[PDB]
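Residue numbers (the entry's author numbering), protein chains in the order written: chain B, 43 to 340; chain R, 609 to 882; chain Q, 791 to 851; chain N, 1 to 126; chain A, 3 to 52, 69 to 246.
Notes for the one structure printed next.
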Amino acid sequence: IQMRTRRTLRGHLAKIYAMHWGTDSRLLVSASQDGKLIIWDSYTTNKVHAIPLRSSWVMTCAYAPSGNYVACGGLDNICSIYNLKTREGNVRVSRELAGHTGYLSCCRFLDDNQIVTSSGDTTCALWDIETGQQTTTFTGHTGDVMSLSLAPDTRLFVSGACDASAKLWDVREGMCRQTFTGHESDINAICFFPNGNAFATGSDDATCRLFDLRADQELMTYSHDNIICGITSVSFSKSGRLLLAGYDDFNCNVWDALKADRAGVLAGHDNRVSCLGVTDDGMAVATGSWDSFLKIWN
Amino acid sequence: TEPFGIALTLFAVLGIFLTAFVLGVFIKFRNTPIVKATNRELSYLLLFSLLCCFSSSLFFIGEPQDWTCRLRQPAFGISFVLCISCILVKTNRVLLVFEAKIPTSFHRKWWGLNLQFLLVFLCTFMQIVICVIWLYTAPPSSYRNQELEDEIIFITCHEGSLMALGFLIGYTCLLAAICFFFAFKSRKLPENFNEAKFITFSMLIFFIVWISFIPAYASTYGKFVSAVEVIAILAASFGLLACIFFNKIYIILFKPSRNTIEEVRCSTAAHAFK
Amino acid sequence: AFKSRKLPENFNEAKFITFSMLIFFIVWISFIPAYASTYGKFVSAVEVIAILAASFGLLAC
Amino acid sequence: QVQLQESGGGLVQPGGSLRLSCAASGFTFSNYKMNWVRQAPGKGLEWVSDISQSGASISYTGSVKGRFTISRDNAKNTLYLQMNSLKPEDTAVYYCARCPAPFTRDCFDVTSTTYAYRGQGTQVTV
Amino acid sequence: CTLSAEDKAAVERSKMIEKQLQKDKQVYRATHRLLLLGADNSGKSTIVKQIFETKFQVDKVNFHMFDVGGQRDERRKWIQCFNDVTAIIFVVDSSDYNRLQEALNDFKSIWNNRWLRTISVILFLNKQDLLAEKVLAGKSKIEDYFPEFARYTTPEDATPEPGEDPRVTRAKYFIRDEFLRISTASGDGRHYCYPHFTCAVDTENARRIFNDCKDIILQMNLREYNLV
Ligand SMILES: CCCCCCCCCCC(CCCCCCCCCC)(CO[C@@H]1O[C@H](CO)[C@@H](O[C@H]2O[C@H](CO)[C@@H](O)[C@H](O)[C@H]2O)[C@H](O)[C@H]1O)CO[C@@H]1O[C@H](CO)[C@@H](O[C@H]2O[C@H](CO)[C@@H](O)[C@H](O)[C@H]2O)[C@H](O)[C@H]1O
Ligand SMILES: CC(C)CCC[C@@H](C)[C@H]1CC[C@H]2[C@@H]3CC=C4C[C@@H](OC(=O)CCC(=O)O)CC[C@]4(C)[C@H]3CC[C@]12C
Ligand SMILES: CC(C)CCC[C@@H](C)[C@H]1CC[C@H]2[C@@H]3CC=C4C[C@@H](OC(=O)CCC(=O)O)CC[C@]4(C)[C@H]3CC[C@]12C
Ligand SMILES: CC(C)CCC[C@@H](C)[C@H]1CC[C@H]2[C@@H]3CC=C4C[C@@H](OC(=O)CCC(=O)O)CC[C@]4(C)[C@H]3CC[C@]12C
Ligand SMILES: CC(C)CCC[C@@H](C)[C@H]1CC[C@H]2[C@@H]3CC=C4C[C@@H](OC(=O)CCC(=O)O)CC[C@]4(C)[C@H]3CC[C@]12C
Ligand SMILES: CC(C)CCC[C@@H](C)[C@H]1CC[C@H]2[C@@H]3CC=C4C[C@@H](O)CC[C@]4(C)[C@H]3CC[C@]12C
Ligand SMILES: CC(C)CCC[C@@H](C)[C@H]1CC[C@H]2[C@@H]3CC=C4C[C@@H](O)CC[C@]4(C)[C@H]3CC[C@]12C
Ligand SMILES: CC(C)CCC[C@@H](C)[C@H]1CC[C@H]2[C@@H]3CC=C4C[C@@H](O)CC[C@]4(C)[C@H]3CC[C@]12C
Ligand SMILES: CC(C)CCC[C@@H](C)[C@H]1CC[C@H]2[C@@H]3CC=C4C[C@@H](O)CC[C@]4(C)[C@H]3CC[C@]12C
Ligand SMILES: CC(C)CCC[C@@H](C)[C@H]1CC[C@H]2[C@@H]3CC=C4C[C@@H](O)CC[C@]4(C)[C@H]3CC[C@]12C
Ligand SMILES: COc1cccc([C@@H](C)NCCCc2ccccc2Cl)c1
Numbered sequence: 043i044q045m046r047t048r049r050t051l052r053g054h055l056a057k058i059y060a061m062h063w064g065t066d067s068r069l070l071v072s073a074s075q076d077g078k079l080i081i082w083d084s085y086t087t088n089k090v091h092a093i094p095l096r097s098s099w100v101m102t103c104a105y106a107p108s109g110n111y112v113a114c115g116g117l118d119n120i121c122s123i124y125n126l127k128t129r130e131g132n133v134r135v136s137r138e139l140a141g142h143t144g145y146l147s148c149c150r151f152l153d154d155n156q157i158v159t160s161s162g163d164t165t166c167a168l169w170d171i172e173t174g175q176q177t178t179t180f181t182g183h184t185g186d187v188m189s190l191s192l193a194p195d196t197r198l199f200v201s202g203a204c205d206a207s208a209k210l211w212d213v214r215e216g217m218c219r220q221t222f223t224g225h226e227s228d229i230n231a232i233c234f235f236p237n238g239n240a241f242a243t244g245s246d247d248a249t250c251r252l253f254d255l256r257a258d259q260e261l262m263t264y265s266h267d268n269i270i271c272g273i274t275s276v277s278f279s280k281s282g283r284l285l286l287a288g289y290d291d292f293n294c295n296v297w298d299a300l301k302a303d304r305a306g307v308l309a310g311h312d313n314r315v316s317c318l319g320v321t322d323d324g325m326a327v328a329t330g331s332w333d334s335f336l337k338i339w340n
Numbered sequence: 609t610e611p612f613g614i615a616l617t618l619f620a621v622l623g624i625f626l627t628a629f630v631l632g633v634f635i636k637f638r639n640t641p642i643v644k645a646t647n648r649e650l651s652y653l654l655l656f657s658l659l660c661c662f663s664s665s666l667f668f669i670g671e672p673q674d675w676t677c678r679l680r681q682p683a684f685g686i687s688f689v690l691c692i693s694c695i696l697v698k699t700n701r702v703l704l705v706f707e708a709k710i711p712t713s714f715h716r717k718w719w720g721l722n723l724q725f726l727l728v729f730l731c732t733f734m735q736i737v738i739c740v741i742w743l744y745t746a747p748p749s750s751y752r753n754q755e756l757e758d759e760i761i762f763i764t765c766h767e768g769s770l771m772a773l774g775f776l777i778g779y780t781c782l783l784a785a786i787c788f789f790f791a792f793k794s795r796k797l798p799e800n801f802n803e804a805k806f807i808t809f810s811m812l813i814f815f816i817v818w819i820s821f822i823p824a825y826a827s828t829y830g831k832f833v834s835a836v837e838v839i840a841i842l843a844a845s846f847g848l849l850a851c852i853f854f855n856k857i858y859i860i861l862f863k864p865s866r867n868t869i870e871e872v873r874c875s876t877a878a879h880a881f882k
Numbered sequence: 791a792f793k794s795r796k797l798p799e800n801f802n803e804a805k806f807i808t809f810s811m812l813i814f815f816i817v818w819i820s821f822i823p824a825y826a827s828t829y830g831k832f833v834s835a836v837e838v839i840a841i842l843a844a845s846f847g848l849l850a851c
Numbered sequence: 001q002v003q004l005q006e007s008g009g010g011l012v013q014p015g016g017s018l019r020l021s022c023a024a025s026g027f028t029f030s031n032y033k034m035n036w037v038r039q040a041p042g043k044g045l046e047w048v049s050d051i052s053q054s055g056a057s058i059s060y061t062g063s064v065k066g067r068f069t070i071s072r073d074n075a076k077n078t079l080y081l082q083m084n085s086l087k088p089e090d091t092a093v094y095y096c097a098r099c100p101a102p103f104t105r106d107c108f109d110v111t112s113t114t115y116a117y118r119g120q121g122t123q124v125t126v
Numbered sequence: 003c004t005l006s007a008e009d010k011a012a013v014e015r016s017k018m019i020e021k022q023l024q025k026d027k028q029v030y031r032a033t034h035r036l037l038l039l040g041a042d043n044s045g046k047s048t049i050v051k052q069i070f071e072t073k074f075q076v077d078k079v080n081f082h083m084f085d086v087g088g089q090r091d092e093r094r095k096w097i098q099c100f101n102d103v104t105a106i107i108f109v110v111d112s113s114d115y116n117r118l119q120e121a122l123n124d125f126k127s128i129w130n131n132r133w134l135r136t137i138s139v140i141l142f143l144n145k146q147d148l149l150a151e152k153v154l155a156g157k158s159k160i161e162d163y164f165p166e167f168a169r170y171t172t173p174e175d176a177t178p179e180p181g182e183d184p185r186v187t188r189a190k191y192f193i194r195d196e197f198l199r200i201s202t203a204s205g206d207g208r209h210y211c212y213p214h215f216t217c218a219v220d221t222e223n224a225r226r227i228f229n230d231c232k233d234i235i236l237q238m239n240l241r242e243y244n245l246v
C-alpha cells in the first residue's frame, strides 16, 4: 500500500494539534497554538477562513456535519462555537460553553445544537448550545479523557482515558454500557470501525488494539518490535480493511486490520504526527504534524 | 634541472604536504568543538583550493608551451578567489548567527549548506566568466624572444590582452577588500569564531610581500619573471595556510584540554555578557 | 618581546613589539629575492620600499 | 488490567526491620521504572525510592538513605523494599507506583492524589 | 490560467489572508514566551513587579509569561503544550527544608522530560532573607534532612554579598548545588540552567530573565547552524 503526498498545506505558525474533515470531503479545519483556526480548500490549496482565537492553547477542533459551525477548545476549559455563515460576512463566536474543570481534549458535533466534549477533569458532557448548558454528564473514568468517537448512527460513543481504559456510553440515558481494558498505558486516540460493532485504540504502549462491542473484548493487536513510541492518532479506511496510525517517530503506519500486518509507511513529516483523518468518501488522508505542516496523501 | 627550479618545486611539494596534513587532522577531529566552530565544509573547500594553488604554482616552471601559458594565470586566479570566497561566506554566516535577536533563525540545515556553496560559486563564476571571455577572444601564446639580447633566446609567454589580466587582478583585489571588511567586522566575537587573522595575512602578504615585487615585475625579463610569479604565489598560499589553520592545529594536537565543550560555552557566555 | 608577550604592561606593549619585529624580518626576507630579481634603474626602488615598510611598521605598532 | 498488590506490613517496634513486596500484573514489568511512595497521617504523599528497568540505577530519598534498600526481580515480576532501623516517623501507608510510560526516565504524577498505576498500599507502624 | 473569475477572486482572497498571516508571523516571532513553574509557598506569583497570563517589557523586548493553575494535579499531558517556549522559570522556596526534596524531584522531572529536552530553565531560589534568618537562628538544621551538608565546603568561586555570615553562604550554595548537580547529568549541552538568588524586595528579576533569554537564543542559533 503505497501513497504519495498530493497536497501540502502551508500557513500555520506553530504546532498543529487538531484537524477535521468536512462532510463534502473537500473543506477541512485545522488548529494551531499560534492562536488560529484555518479552513482549507483541499482541491485548490486555498485559505477560505482564518479565525483568530482568544486563547492560544487550543487542543481540539471539530467541523459541524451541516457545515455552518466550527468548535474549538483547550487549556482555557471552554468550548467555543463559531458561526461560519453570517450576513455580516465574517466569522464570529456563536457560543462560549463553560462548565468543565479541566482542559478540553476533544469535541464532536451531533447536529447544529448538540455537542459532546471530553475534558481533563476525567469526564465527558453533552451540551445544548442554545442554552449553553450541560444536558448530560458522563462520569466514571479515573484519568484524563483524551479522545472520543461518535457512532455512525450517533447513538453511542466511546471515550479512552489515561487509565488504560475505554468506556462505551449511551447519549440518551447517560450510562456506561461496557468498559474495555487491555492497554498498559494512556490511550491517546480512539475510533470506530465503519459498521459500528468494533473500534480501535492507540496508546503510549506503542500498540493498537481492536475491540468488538458484541464480544466485549479485544480481537487483534498491532505492534512491532522496532516500534517503541506511542500512537498519537488512529483512523480507519472507508471499508475498514486498513488501519492508519500516526506515531511519535514522525511517521504513519498502515496496518492490515484483519491480519495485523504492516502494509506501508507515510513518511513526510519532520516532527510528531499530531492529527490524522480520512475523508467521508475514503479518497484522501490528511496528516497534520508539530512541524506546522498538514499533508494530503492519496 | 636548475637549482632555483629545484628549490621552488621542493617548496611547492612541502606546501602540498602541509595542506594534506592539516586536512587529515581536520578530518580526524571532525566532531570536536574547535573544528565544529570553524565551518567544516568551507574549511574542506578552502584546503582543496590551497592544494590547487600549489599545483597552479607548479605550472610556471619548465619550458613554456602554448597550453601552459594559456592555463597558468586562470588556475591561480580561480583558486585564490575560491579561497577568499570561502572565507567571506564563513565570516558572513558567523556574523549573522551572532547578530540575531529572535527566538530562532529557522534556517534549514540543507538550505544553509547549499546556500554557502551557491554564494561561493557566484564569486568563482564571475571569475570563470572573465577567464572564458579572455581565452576565447585573445588566447596567450608562447614566443621565442630574440630581441632582448644578441646571444640569447628567451622562450616566454605573450599575454593575449593586458586588459583581461588587469580585470582578473582587479576582481581579485575587490573580493579581497570585501573579505577584509567582513573579517574586520568579526573581531569582537569569541576567538574560536573569529577570522581576524585574515587581517594579518592581508597586512603581511598584500602590503609588504606583493608590494616589494612590483619593481621586479615592472622591468625584468627571462626566467626571473616566472620566478617572481611562483614566489608570489607560494607566499600567499603559505601565509593563508598559516593564518587560518596552524594555531588551531596546535590547539587540536597540543594543549588538548582546551578543545572541550565547556571552554567554548564559557567563551560564548562571556560574549553574551559583554 | 615574545617571552613576555602576555604581560599587560604599558597597554600590553610586548605584543605590538613582537608584531613590529615580525614585520621587519618579513620585509627583509622578502627584500632578498626581490632585489635579486630587479634589473635596471628600479634596483633602488625596492630599497626605498623596504626602508618605508619597516619604518611604518614600527610607528604603526 | 494493570494490577499492583502490596504486602508485608504491620506493627514493629522501633529499631526493627520489615520487608515490603509488590506483585505486578497486566503489563511488561521489565519495561517500566518503579517507585516506592508513602503517605503519613496528616501529610501528603512523599516520594521514597525508585529503581530503573535493569536495576542499575537506584535512588533514595534523604531520610531513608542507607536505612532502606530497593530491588526488583523481573523474572518473578516483583518489587522488594527492605526497611532497617525503623524510626518512629516511618509509620505510613506505602504504595508501589509504576511510571506511566515505558522506555523513559522521567516519571510524572507518581505522588498525585489520584494516580491510576498505583496500589492499595500497606500500613507500617513503628 | 484555466481559472474562472470566481476562482481568481478566491485566489486573491487567499493571498490577502496570507499577507495578514505574514504580519502575524512577524509579531509572533518577535515576542518571547516563558512558562512559570514552582509549587505553592514559593512566591512565584510575585517575581516580576510589572494570573494565567502576564505581559512585560524590558528594553524594547516583549516577554509573555504563563502560569497554568486552573487544572488538576496531574500535569503529564498538558505540559507538552509548552515545548516551544524559550524558557521555564522555576521558583523554589529556599527557606523551607521540609518540602525542598519535593522541589528537587519536580525539577528533576521537568529537566528529564522528553518534550522538555531542549528548553532551558531559569532557576529562582526565592526567599533568601527567610533562609538567612533561619540559619542565623539555629533552630533548623539542614543536616537533619540533608546529611551531605556535613561533608560540604563552600565553592571556590562562591561570591559573598557585602556583609554576611559564612554559614549562610554555605547553606545558599548547597541549595544551589543540589539543583545544579541534577542539571549537569543529562543536559548534554542541548539545554542549561541559570540559577539566581532573589528575595521578595528584589527588582532585578526581569533583567536577569532578559540576559538569560539572550544567552538561550545565542546557543540555539549556534546549534541550528551546526556550529556547536
Ligand atoms: C596600505 C594601507 C594599509 C592599511 C591597513 C590597515 C588595516 C586596518 C587598520 C587596522 C589597525 C591598524 C592601524 C593602522 C595605523 C594607522 C597609521 C599609523 C600612523 C600613526 C597615526 C587598527 O587597529 C586599531 O587598533 C586600536 C588600538 O588597539 C583598536 O582599538 C581598540 O583598543 C583601544 C585601546 O584600548 C580601545 O580603547 C578601543 O576602544 C578599541 O577599539 C581598534 O579596534 C583597531 O582598529 C590594526 O588592526 C588590528 O590589527 C591586528 C593585526 O595585528 C588584529 O589582530 C588580529 O591579528 C593578530 C595577529 O595575527 C592576532 O593577535 C589578533 O588576535 C587578531 O585579532 C586586530 O584585530 C585589528 O584590530
Ligand atoms: C582591504 C585591503 C587588504 C585591500 C586589498 C588590496 C590588495 C589585494 C591589492 C591592492 C593594491 C594591489 C597591487 C597594486 C598593483 C600591483 C601592480 C601589478 O604590477 C603589474 O601589473 C605590472 C605592471 C604592468 O604590467 O602594468 C601587480 C599586482 C599589484 C602588486 C597589486 C597586488 C594586490 C594589491 C596589493
Ligand atoms: C591601491 C591601494 C591604495 C588600496 C586602498 C586600500 C586602503 C586605502 C583601504 C582599502 C580597504 C579599506 C578598509 C576597508 C574596511 C574597513 C573596515 C571598517 O570597519 C568598520 O567600519 C566596521 C565596524 C563594525 O561594524 O564593527 C574600518 C575601515 C577599513 C579598515 C578600511 C580602511 C582602509 C582600507 C584598508
Ligand atoms: C623560494 C624562496 C626564495 C621563498 C621566498 C618567499 C618568501 C618571501 C615567503 C615564503 C614563505 C613566506 C612566509 C610563510 C609563512 C608566514 C607565516 C605568517 O605567520 C603568521 O601570520 C602568524 C599568525 C599570528 O600572528 O598568530 C607570516 C607570513 C609568513 C612569514 C610568510 C611571509 C613570506 C614568506 C617568508
Ligand atoms: C609602493 C610605493 C608606492 C610606496 C610604499 C608604501 C608601502 C610599502 C607602505 C605604505 C603604508 C604602509 C602600511 C601602513 C600601515 C601598516 C599598519 C601596520 O599595522 C599594525 O602594525 C598594527 C598591528 C596592531 O594593531 O597590533 C602593519 C604595516 C602597515 C600595513 C604598513 C606596511 C607598508 C605600507 C603599505
Ligand atoms: C590528497 C589528499 C587529500 C589525501 C588525504 C589523505 C589523508 C589525509 C586521509 C585519507 C584517508 C583518511 C583516513 C580515513 C579514516 C579515518 C578513520 C577515523 O576514525 C580517523 C581518521 C582516519 C584515519 C582518516 C585520516 C585522514 C586520512 C588518512
Ligand atoms: C577598496 C577596493 C575597491 C580597492 C580595489 C583596488 C584594485 C581593484 C586596484 C588597486 C590598484 C590597481 C592596479 C594598479 C595598476 C595596475 C597596472 C596595470 O598595467 C594593470 C592593472 C593594475 C594591476 C591595477 C589593477 C586594479 C588594482 C589592483
Ligand atoms: C616555512 C614553513 C614551512 C615552516 C613550517 C614551520 C611551522 C610548522 C612552525 C614554525 C613556527 C611554529 C609556530 C611557532 C609559535 C606558535 C605560537 C603558539 O602559541 C601556537 C603555535 C605556533 C603558531 C607555532 C605553530 C607551528 C609553526 C608555525
Ligand atoms: C623561507 C623561510 C626562511 C621562511 C621562514 C619564515 C619564518 C620567519 C616564519 C615561518 C613561521 C612563522 C611563525 C608562525 C606563527 C607565529 C605565531 C605568532 O603569534 C607569532 C609569530 C610566529 C612565531 C611566526 C614567526 C615567523 C615564522 C617562524
Ligand atoms: C636577514 C634575514 C634573511 C634573516 C632571516 C632569519 C630568520 C629566518 C630568523 C632570524 C630571527 C629568528 C627568530 C628569532 C627568535 C625567535 C623566537 C623563538 O621563540 C622562536 C624562533 C624565532 C621566531 C626565530 C625564527 C627564525 C628567525 C625569524
Ligand atoms: C591577484 O593577482 C593575480 C591574479 C591572477 C594571477 C596572478 C599571478 C599568478 N600572475 C601575475 C603576477 C602579478 C604579481 C606580480 C608581483 C607581485 C604580486 C603579483 Cl600578484 C596574480
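Even for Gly, the Cβ is constructed at its ideal location relative to N, Cα and C.
| Asked | Found |
| --- | --- |
| CA nearest to the CA of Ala772 of chain R, picked from R:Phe821, R:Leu743, R:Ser845 | R:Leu743 |
| Where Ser687 of chain R falls: helix, strand or coil (DSSP) | helix |
| Distance CB(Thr136 of chain A)-CB(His34 of chain A) smaller than 8 Å | no |
| Proximity of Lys51 of chain A and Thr216 of chain A at Cβ, strictly below 8 Å | no |
| Chain-order list of residues whose beta-carbon lies under 7 Å from that of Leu95 of chain B (same chain, five-residue window excluded) | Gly77, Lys78, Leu79, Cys114 |
| Closer than 7 Å: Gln681 of chain R CB and nearest ligand 11 heavy atom | yes |
| Own chain residues within Cβ distance below 6 Å of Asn35 of chain N, not counting five before or after | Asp50, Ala97, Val110 |
| Where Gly306 of chain B falls: helix, strand or coil (DSSP) | strand |
| C-beta neighbour in chain R for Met83 of chain A, strict 8 Å | no |
| Residue from R:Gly623, R:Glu759, R:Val817, R:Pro672 whose Cα sits closest to the Cα of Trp818 of chain Q | R:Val817 |
| DSSP-derived helix/strand/coil call for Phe815 of chain R | helix |
| Close-in-space but distant-in-sequence residues of the same chain around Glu138 of chain B (CB under 7 Å, 5 per side omitted) | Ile120, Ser122 |
| Chain-order list of residues whose beta-carbon lies under 6 Å from that of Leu79 of chain N (same chain, five-residue window excluded) | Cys22, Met34, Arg72, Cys96 |
| Residue(s) in a DSSP beta bridge with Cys149 of chain B | B:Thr159 |
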